[PDB]
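**Q** Below is a structure I'd like to ask you about.
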Amino acid sequence: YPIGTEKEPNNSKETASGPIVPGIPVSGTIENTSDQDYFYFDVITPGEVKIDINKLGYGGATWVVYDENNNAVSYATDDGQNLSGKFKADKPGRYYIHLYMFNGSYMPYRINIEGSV
Ligand SMILES: [Ca+2]
């Protein structure tokens, strides 16, 4: 049952919205800097995973991806308008995207994921 949008409250990993799957963009909004948005997706077979989050408002935001054991496997690179990055998932399991805004008022966004998901 893939999602197309975040589902509040999703302010922790235990309440993360998901799963996210390739080919189905996910919409949300960072409401203000106190809004933390967590998502999850499942890796079923080893492979490269790519994440692109289009920033559809002004502000500083970024994301980190965690594995099930709270290790960070991937951090965002800002190109100005997209927060992107990729990693090699050596092991199947659930991964979590932690998205937040460190400095901004209001940010819509759109998550796209590609690869072995
Ligand atoms: Ca949230």
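Identifiers in the structure tokens: chain A, B, ... in order shown; residue index from 1 per chain; ligand index from 1 in order shown.
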Tell me which protein, DNA and RNA residues are within 9 Å of residue A:116, counting only C-alpha atoms, leaving out same-chain ones fewer than 4 positions away, and put them as a list in words.

**A** residues 22, 43, 44, 45, 46, 47, 48, 49, 50 and 89 of chain A

**Q** Can I get the residues of chain A within 9 Å of ligand 1, each with the closest pair of atoms and their distance in Å to one decimal, using only C-alpha atoms and all ligand atoms, sorted chain first then ascending number, as JSON lines?

**A**
{"residue": "A:6", "atom": "CA", "partner": "ligand 1", "partner_atom_place_in_ligand_line": "1 (Ca)", "distance": 8.0}
{"residue": "A:7", "atom": "CA", "partner": "ligand 1", "partner_atom_place_in_ligand_line": "1 (Ca)", "distance": 8.0}
{"residue": "A:8", "atom": "CA", "partner": "ligand 1", "partner_atom_place_in_ligand_line": "1 (Ca)", "distance": 5.7}
{"residue": "A:9", "atom": "CA", "partner": "ligand 1", "partner_atom_place_in_ligand_line": "1 (Ca)", "distance": 5.6}
{"residue": "A:10", "atom": "CA", "partner": "ligand 1", "partner_atom_place_in_ligand_line": "1 (Ca)", "distance": 4.7}
{"residue": "A:11", "atom": "CA", "partner": "ligand 1", "partner_atom_place_in_ligand_line": "1 (Ca)", "distance": 4.5}
{"residue": "A:12", "atom": "CA", "partner": "ligand 1", "partner_atom_place_in_ligand_line": "1 (Ca)", "distance": 8.0}
{"residue": "A:16", "atom": "CA", "partner": "ligand 1", "partner_atom_place_in_ligand_line": "1 (Ca)", "distance": 8.6}
{"residue": "A:28", "atom": "CA", "partner": "ligand 1", "partner_atom_place_in_ligand_line": "1 (Ca)", "distance": 8.8}
{"residue": "A:29", "atom": "CA", "partner": "ligand 1", "partner_atom_place_in_ligand_line": "1 (Ca)", "distance": 8.2}
{"residue": "A:30", "atom": "CA", "partner": "ligand 1", "partner_atom_place_in_ligand_line": "1 (Ca)", "distance": 6.9}
{"residue": "A:31", "atom": "CA", "partner": "ligand 1", "partner_atom_place_in_ligand_line": "1 (Ca)", "distance": 7.7}
{"residue": "A:34", "atom": "CA", "partner": "ligand 1", "partner_atom_place_in_ligand_line": "1 (Ca)", "distance": 8.2}
{"residue": "A:35", "atom": "CA", "partner": "ligand 1", "partner_atom_place_in_ligand_line": "1 (Ca)", "distance": 4.7}
{"residue": "A:36", "atom": "CA", "partner": "ligand 1", "partner_atom_place_in_ligand_line": "1 (Ca)", "distance": 4.4}
{"residue": "A:37", "atom": "CA", "partner": "ligand 1", "partner_atom_place_in_ligand_line": "1 (Ca)", "distance": 4.0}
{"residue": "A:38", "atom": "CA", "partner": "ligand 1", "partner_atom_place_in_ligand_line": "1 (Ca)", "distance": 6.8}
{"residue": "A:99", "atom": "CA", "partner": "ligand 1", "partner_atom_place_in_ligand_line": "1 (Ca)", "distance": 8.7}
{"residue": "A:100", "atom": "CA", "partner": "ligand 1", "partner_atom_place_in_ligand_line": "1 (Ca)", "distance": 8.5}

**Q** Which of chain A counts as strand (DSSP E) under DSSP, as a ChimeraX atom specification please?

**A** /A:26-30,37-43,47-55,60-66,72-75,77-78,82-89,93-103,107-115

**Q** Do you have the atom CA of residue A:61-atom CA of residue A:25 distance handy?

**A**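 Distance between the two atoms: 18.4 Å.
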
**Q** Return the single residue from A:20, A:56, A:111, A:72 that is closest to residue A:3, with distances computed using only C-alpha atoms.

**A** A:20

**Q** Which one of A:18, A:93, A:32, A:102 sits closest to residue A:62 if you count only C-alpha atoms?

**A** A:102

**Q** Could you give me, as a VMD selection string, the residues within 6 Å of residue A:101, counting only C-alpha atoms and dropping anything in the same chain fewer than 2 positions from it?

**A** chain A and resid 33 60 to 61 103

**Q** Using only C-alpha atoms, which residue out of A:73, A:107, A:51, A:113 lies closest to residue A:23?

**A** A:113

**Q** Do a neighbour search on residue A:83 at 6 Å with only C-alpha atoms, toss out local chain neighbours closer than 2 positions, and write the hits as a PDB file with N, CA and C atoms, in the first residue's frame.

**A**
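Written output follows (selection-v3.pdb):
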ATOM      1  N   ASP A  52      15.542  12.101  -4.226  1.00  0.00           N
ATOM      2  CA  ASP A  52      15.460  13.504  -4.673  1.00  0.00           C
ATOM      3  C   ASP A  52      14.283  14.138  -4.051  1.00  0.00           C
ATOM      4  N   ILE A  53      14.535  15.191  -3.291  1.00  0.00           N
ATOM      5  CA  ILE A  53      13.467  15.908  -2.672  1.00  0.00           C
ATOM      6  C   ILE A  53      13.452  17.303  -3.235  1.00  0.00           C
ATOM      7  N   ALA A  76      21.795  14.365   2.580  1.00  0.00           N
ATOM      8  CA  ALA A  76      21.425  15.178   1.408  1.00  0.00           C
ATOM      9  C   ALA A  76      22.533  16.107   0.926  1.00  0.00           C
ATOM     10  N   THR A  77      22.553  16.345  -0.370  1.00  0.00           N
ATOM     11  CA  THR A  77      23.316  17.422  -1.000  1.00  0.00           C
ATOM     12  C   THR A  77      22.265  18.374  -1.579  1.00  0.00           C
ATOM     13  N   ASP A  78      22.314  19.654  -1.212  1.00  0.00           N
ATOM     14  CA  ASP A  78      21.474  20.717  -1.773  1.00  0.00           C
ATOM     15  C   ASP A  78      22.061  21.262  -3.124  1.00  0.00           C
TER      16      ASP A  78
END

**Q** What is the distance, in Å and to one decimal place, between atom CA of residue A:27 and atom CA of residue A:5?

**A**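 That distance, rounded to one decimal, is 4.6 Å.
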
**Q** What's around residue A:96 at 7 Å? Count only C-alpha atoms, leave out sequence neighbours fewer than 4 positions away in its own chain, and write the answer as a tab-separated table (two decimals) with N, CA and C atoms, in the first residue's frame.

**A**
chain	number	residue	atom	x	y	z
A	13	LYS	N	10.57	8.50	13.88
A	13	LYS	CA	10.74	7.30	13.09
A	13	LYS	C	9.63	6.31	13.32
A	38	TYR	N	9.20	12.39	9.05
A	38	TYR	CA	9.87	11.08	8.81
A	38	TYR	C	9.06	10.20	7.90
A	39	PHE	N	9.78	9.51	7.01
A	39	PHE	CA	9.27	8.57	6.04
A	39	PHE	C	10.05	7.28	6.17
A	40	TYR	N	9.50	6.21	5.59
A	40	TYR	CA	10.24	4.96	5.48
A	40	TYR	C	9.98	4.30	4.13
A	41	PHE	N	10.92	3.43	3.77
A	41	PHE	CA	10.82	2.65	2.58
A	41	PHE	C	11.52	1.32	2.88
A	65	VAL	N	19.15	9.79	5.75
A	65	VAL	CA	18.60	8.41	5.75
A	65	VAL	C	19.23	7.46	6.78
A	66	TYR	N	18.39	6.81	7.59
A	66	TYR	CA	18.84	5.88	8.62
A	66	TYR	C	18.46	4.46	8.27
A	67	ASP	N	19.28	3.51	8.68
A	67	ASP	CA	18.89	2.11	8.63
A	67	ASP	C	18.12	1.77	9.90

**Q** Taking only C-alpha atoms into account, which of A:19, A:14, A:112, A:95 comes nearest residue A:71?

**A** A:95

**Q** Given only C-alpha atoms as the basis, pick out the residue of A:15, A:81, A:21, A:26 nearest to residue A:115.

**A** A:21
